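J.: Please see the structure below; I have some questions.
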Amino acid sequence: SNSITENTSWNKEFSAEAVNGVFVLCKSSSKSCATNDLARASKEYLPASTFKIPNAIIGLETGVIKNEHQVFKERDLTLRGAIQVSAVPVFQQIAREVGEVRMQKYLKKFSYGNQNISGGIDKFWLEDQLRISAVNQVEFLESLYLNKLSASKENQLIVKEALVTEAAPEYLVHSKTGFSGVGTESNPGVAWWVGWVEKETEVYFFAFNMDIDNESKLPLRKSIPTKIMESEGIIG
Amino acid sequence: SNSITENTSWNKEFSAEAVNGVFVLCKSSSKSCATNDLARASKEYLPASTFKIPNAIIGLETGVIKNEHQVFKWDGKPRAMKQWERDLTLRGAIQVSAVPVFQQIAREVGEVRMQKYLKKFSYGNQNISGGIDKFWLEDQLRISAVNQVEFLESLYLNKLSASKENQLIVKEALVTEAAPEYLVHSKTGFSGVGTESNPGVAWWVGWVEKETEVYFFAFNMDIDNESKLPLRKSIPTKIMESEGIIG
């Protein structure tokens, strides 16, 4: 069995910046998750570039992505290079070569959100038909961490290393940002930060999302979760 | 086939700190390497904890290390450093240089398998004599900075005689710095202080993966005082910063 609890110890991190959002933090050894908002933790949002995680695994499994050091046979762009920069055309052509049938098959195997890829093969992760919750993101990342997705162990290891974003002697942070855009005041955009931390022998999975109606607030997608995980003694 | 070229453009990074040492830097591949000291670049030295890289690969390929998520449990007995007195992951044991974890891996691998893999890996003089749990710390095993680059390039390319999975597990365990522009994979080593006339050796070896290019590096220096240990990272870091590789 696994569990989730709602806490209030992190509410001060959101209200100080007037941010509507959710953080989900799961400790692997205890199979326990904590969140500031159970309803928003289960609410499905378009994934935007957090979709580069399953798209990279599917691209490698289908053979569309050549290897860790060269996406396609920029010409010498590495998989990590494509995940960091926007690389809009790169993941568009990966999705096109994968195709709707195989993309649908793998998102069902991965239990990835509502699995609705309607709206166009090269932009459905932005069309707002495909949606995934913060809880679903941490479940998906735990499966990737354990090499339990329906993909080769090698391809899961390649994507795990490509997602490293911070390294310290005591921990490794794997993460991915996403941003749908600013939307409007009545219908704001969504900004994500999802990932996990390998800290000594413990592993912490996390997923953050927030309403955003101004790119001015974009830095908060990393600063709020960073402050929570620093207060928990996980990073920093 | 491979060429080693000696330049003087990094000599001030060494003379400013009164350090006798060598830096080897290769862009893309080991086909062309640059160094401050052609003779020292190929001179073989005790690997010390840089040996944890092949030892980890061999531990995984022999099954002594069961898998990626292996935890090395602390039995509660005294260890030489307090940071080793705890359960450790493979990355944890590598990052804190937990000698006793790797001594037990070496004992379980055994002399016959250890010799076989160092021959497959072309790992320096491949001399493992003197004690299965200390040959890389105080005996006759020797490897040069150029050989370290060649070995790390093979690992980067998944060309060592080991599964691709096991090479990927060790490569992720070696990550030491991450930035949007690059990942640094690296390992330090320090044989000990020796004496003023017969100093020890300190190492920093690794590689830097950028968006479209890779750089392999190996540094070693004479050291007779622990106060000089920080130079094993500061000299090569200053060189790679001046080359626009990191920072």
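J.: In the range B:107-247, if the dipole is taken from +1 on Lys/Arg beta carbons and -1 on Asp/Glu beta carbons about the Cα centre, which of B:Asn166, B:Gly244, B:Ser129 is farthest to the positive end?
T.: Most positive-ward Cα: B:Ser129.
J.: Can you flag which of A:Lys148/B:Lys171; B:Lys77/B:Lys164; A:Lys160/A:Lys222; A:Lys105/A:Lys176; B:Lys43/B:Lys134 are past 28 Å Cα-Cα?
T.: Flagged as over cut-off: B:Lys77/B:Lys164.
J.: Also: Separation between the A:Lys43 and B:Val112 pseudo-spin-labels, each 7 Å from Cα along Cα→Cβ, expressed in nm?
T.: Calculated label separation equals 6.5 nm.
J.: Taking the mean number of other Cβ atoms within 10 Å as a proxy for protection, how do you rank B:183-190, A:47-54 from highest to lowest?
T.: The packing order, highest mean first, is A:47-54, B:183-190.
J.: Nothing charged except the Cβ atoms of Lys and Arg (+1) and of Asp and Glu (-1): what's the magnitude of the dipole of the protein assembly as shown about its Cα centre? Round to the nearest 20 debye.
T.: Result for the protein assembly as shown is approximately 1120 debye, rounded to the nearest 20.
J.: So how tilted is helix B:99-120 from the main axis of chain B? Cα-based, degrees 0 to 90, rounded to 10.
T.: Helix B:99-120 sits at roughly 70 degrees to that axis.
J.: Here's a follow-up. Using a 7 Å offset from the Cα along the Cα-to-Cβ direction at both A:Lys27 and B:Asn225, what is the distance between the two label points in nm, to one decimal?
T.: 4.6 nm
J.: Could you run the Karplus curve 6.51 cos²θ - 1.76 cosθ + 1.60 with θ = phi - 60° over the range B:44-53 and give me ³J(HN,Hα) per residue in whole Hz, x for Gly and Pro?
T.: 8, 10, 3, x, 6, 5, 5, 5, 5, 5
J.: Give, rounded to the nearest 20 debye, the magnitude of the charge dipole that the range A:1-90 has about its Cα centre when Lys and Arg contribute +1 at Cβ and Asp and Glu contribute -1 at Cβ.
T.: The dipole magnitude comes to about 180 debye.
J.: Continuing with the same structure: Of the listed peptides A:82-88, A:204-210, what is their order by residue-averaged count of other C-beta atoms within 10 Å, with the highest listed first?
T.: A:204-210, A:82-88
J.: Placing unit charges on C-beta atoms (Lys and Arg positive, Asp and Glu negative, everything else neutral), compute the dipole magnitude of the range A:3-232 about its Cα centre in debye, rounded to 20.
T.: Dipole size: approximately 620 debye.
J.: Relative to the longest principal axis of chain B, what angle (0 to 90°, nearest 10) does the C-alpha long axis of helix B:231-242 take?
T.: Once rounded, the angle reads 50 degrees.
J.: Relative to the longest principal Cα axis of chain B, at what angle does helix B:164-173 sit, 0 to 90 degrees, rounded to 10?
T.: 70 degrees
J.: How far apart, in nm, are two points set 7 Å out from the Cα along the Cα-to-Cβ line at A:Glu127 and at B:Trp74?
T.: Taking the simple label geometry, A:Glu127 and B:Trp74 are separated by 5.4 nm.
J.: Shifting gears a bit: With runs of 4+ DSSP H residues as the only contributors, calculate the mean residue ellipticity of chain B at 222 nm using -39,500 (n - 2.57) per run, divided by the residue total and rounded to the nearest 500.
T.: -10000 deg cm²/dmol
J.: How shielded is A:163-169 by partner chains, expressed as the average number of their Cβ atoms within 10 Å of its Cβ atoms?
T.: Per residue, the number of nearby Cβ atoms from other chains is 5 on average.
J.: Among B:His69, B:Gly21, B:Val201, whose Cα sits farthest toward the positive end of the charge dipole of the range B:3-243 (+1 at Cβ of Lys/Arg, -1 at Cβ of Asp/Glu, about the Cα centre)?
T.: B:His69
J.: Also, I was wondering about something else. By the gyration tensor of its Cα atoms, with a ≥ b ≥ c the square roots of the eigenvalues, what is the shape of the range A:44-108: rounded for a/c under 1.5, prolate for a/b over b/c, or oblate?
T.: Taking the square roots of the gyration eigenvalues as a ≥ b ≥ c, the range A:44-108 is oblate.
J.: Moving on to the next point. What's the FRET efficiency of A:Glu200 with B:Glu138 using the Cβ-Cβ distance as r and R₀ = 35 Å, to the nearest 0.05?
T.: 0.75
J.: Can I ask one more? Need one value for A:197-209: mean number of C-beta atoms belonging to other chains within 10 Å of its residues' C-beta atoms.
T.: The shielding value for this peptide is 2.
J.: Can you give the mean number of other chain Cβ atoms that lie within 10 Å of the Cβ atoms in peptide B:42-48?
T.: Per-residue shielding by partner chains comes out at 0.
J.: Per residue Cα convex hull volume for chain A, in cubic angstrom?
T.: 126 Å³
Don't worry about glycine lacking a Cβ; one is built from the backbone with ideal geometry, like all the others, and counts go over all protein chains shown. Read-outs throughout are calculated quantities, based only on the coordinates presented, and are distinct from any laboratory measurement.
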